[PDB]
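> give me a 3D structure for the following:
(chains A, B and C)
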Amino acid sequence: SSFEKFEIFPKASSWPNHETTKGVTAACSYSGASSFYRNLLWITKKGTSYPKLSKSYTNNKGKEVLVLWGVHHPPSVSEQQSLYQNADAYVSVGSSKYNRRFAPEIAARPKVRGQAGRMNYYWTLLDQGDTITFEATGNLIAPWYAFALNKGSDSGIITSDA
Amino acid sequence: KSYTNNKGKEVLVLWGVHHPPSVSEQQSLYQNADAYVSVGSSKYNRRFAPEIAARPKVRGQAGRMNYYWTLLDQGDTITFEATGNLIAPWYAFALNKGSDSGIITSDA
Amino acid sequence: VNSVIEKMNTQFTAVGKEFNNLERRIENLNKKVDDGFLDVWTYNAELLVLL
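Numbers count the residues shown, from 1 in each chain, chains lettered A, B, ... in the order given. See below for the structure:
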C-alpha cells in the first residue's frame, strides 16, 4: 500500500576515496542540461586511482527494504581504461539469501540515444535484521535512496486515459 | 572420474560446489587461486567456477556451498572432472515408479 | 438419486506445490485456477439440489 523513502548512503559521507560528481551523461538530459537519476549514483575515481571498495548496511525499520543498484559496462576497451584504470573488474553483492558476483563485458554494438554503452539494473528485498554488503572493483552504481514497504494488499496497475 | 549405470532404472545423483569467502582460505584449502569443476553426460553438461566475496556470517560461517542434482538414464554415463571445489557423491538412489503421491504438512 | 450420484466424478490426488520468491506470478496464477474451479463446482452443486 505505502512506503517510506529514506537514504541509505549519503552522497557526502559514504564515499571519501572516489569521485561522487562527474557522473553525468547527455542521454539523461534535464532542462537542456545533462543530469542523472535521483535515486542512484554513478561513481568514478578521485584522480586516476581506484581503491577497491567494500561497504555494508543493516536495517532496523521492522519492515522489508527494497534496494536497487546497477552495473555499467562500456562498449570499448579504452573507455573502460579511462573510467576505472582496471582492465579486469568485478562487483559483488552479498546477503543471507542473495549472493552474486558480476563481471563486465566489452563488445561493440549499435548506438541507442547516442550511446553505445549499456547498464543492467537489479533489485533485492531485504528482511528486518539481516544486512547487505556491496564490494566492488570496477562498475558499481551505488544506491542513494531506498524504500521501506508497508502491507495492505489488492492493488494493481490500470492503463487508461480517464 | 567416470561412472556408468546398469540398474535398468533412473539414477538420481547429487553433488555440491563450495566456495570460501576469502582469498587465503581458497589458498589454504586447495593451493590453486584459479579453479573449476565440470560435470558431463549426454544431456547434462556444465562447468562451474568458484567466486570469492565477503558476506555476513550465518551459523558462524562466512563461506557458501551450492547443491546440484541430475537424473541419469539407464545406459548413459557421467564424468566428474574437478580442479578445486568438488563435493563428490558418496551415495545415490535408484528410483522405481508408481505415481500419485506427495507431501502433507500436518501434525496428526 | 443414483443418477445424481453417478454423474459427479471422484477426484484423484492433488497436492499443493512450491515456489521461490521469484516465481510469484505463476503462484498467483495457480491460486486463481484453484479458486475458480472451486467456485464453479460449489455453484453447480447448490443449484442442482435447489432445482
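> surely residue A:139 touches residue A:105?
No - applying CB atoms under 8 Å as the test, residue A:139 and residue A:105 come out as separate, 10.5 Å apart. C-beta coordinates here come from the backbone N, C-alpha and C atoms, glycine included.
> between these two, tell me which one has more neighbours.
A direct count of neighbours by other CB atoms under 10 Å in any protein chain shown for residue A:139 and residue A:105 places residue A:139 higher, at 23 against 8.
> neighbours around the nearest residue to the more buried one once chain neighbours are set aside, how many?
Nearest residue to residue A:139 in three dimensions, chain neighbours excluded: residue A:72, at 4.9 Å (CB to CB, 6 or more residues apart in numbering or on different chains). Using other CB under 10 Å, residue A:72 is surrounded by 19 other residues.
> next: the one 3 residues further on.
Burial measure for residue A:75: 17 neighbouring residues, criterion other CB under 10 Å.
> spit out the contact partners of the residue nearest to residue A:139.
Contact partners of residue A:72, counting by CB atoms under 8 Å, 6 or more residues apart in numbering or on different chains, are A:42, A:104, A:117-119, A:139, A:141.
> out of those, which comes closest to residue A:63?
residue A:141 (24.5 Å; CB to CB).
> can you name the residues bridging to the closest one?
Per DSSP bridges, the residues bridged to residue A:141 are residue A:70.
> verify the contact between it and residue A:41 for me.
Yes - the pair residue A:141 / residue A:41 is scored as a contact, 6.7 Å apart, by CB under 8 Å.
> which SSE is the residue of chain C positioned farthest from its centre in?
Taking CA atoms, centre = their mean as the measure, the residue most remote from the mean C-alpha position of chain C is residue C:22, 25.6 Å away. Assessed by DSSP states H and E, residue C:22 sits outside every helix and strand.
> for residue A:147, give its distance to residue A:96.
Distance of residue A:147 to residue A:96, computed by CB to CB, to the nearest Å: 20 Å.
> oh sorry, the question was meant for residue C:28
For residue C:28, the distance to residue A:96 - CB to CB - is 25 Å.
> alongside chain C, which residues does chain A contribute?
Residues of chain A that fall close to chain C, judged by CB under 8 Å from any CB of the partner chain: residue A:125.
> what helix or strand is whichever residue of chain A sits closest to chain C located in?
For chain A, the residue closest to chain C is residue A:125, as judged by CB to the nearest CB, at 7.5 Å. In this structure, residue A:125 sits in strand A:118-126 according to DSSP H and E.
> any chance you could list what contacts that strand?
Contacts of strand A:118-126 (CB under 8 Å, 6+ apart): A:59, A:64-73, A:75, A:93, A:95, A:98, A:109, A:132, A:141, C:21.
> now that strand: buried residues?
Residues A:124, A:126 are the ones in strand A:118-126 that count as buried (16 or more other CB atoms under 10 Å in any protein chain shown).
> who does it pair up with?
Strand A:118-126 has the following strand partners under DSSP bridges: strand A:65-73 (antiparallel).
> following the strand it pairs with, which helix or strand comes up?
Next along the chain after strand A:65-73, taking DSSP H and E as the criterion, comes helix A:77-84.
> walk me through which strands the following helix or strand past that next one pairs with, and which way each runs.
Using DSSP H and E, the helix or strand that follows helix A:77-84 towards the C-terminus is strand A:91-94. Here strand A:91-94 has these sheet partners by DSSP bridges: strand A:99-102 (antiparallel), strand A:132-136 (antiparallel).
> now render the ones you listed as CSV, adding distance to residue C:7 and mean neighbour count.
Converted to CSV, those look like this (distance: least, CB to CB, whole Å; neighbours: other CB atoms under 10 Å in any protein chain shown):
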stretch, distance to residue C:7, mean neighbour count
strand A:99-102, 55, 16
strand A:132-136, 58, 20
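> out of these, the one nearest residue A:52 is which?
Between residue A:52 and the strands paired with strand A:91-94, the shortest gap by CB to CB is with strand A:132-136, which sits at 7.6 Å.
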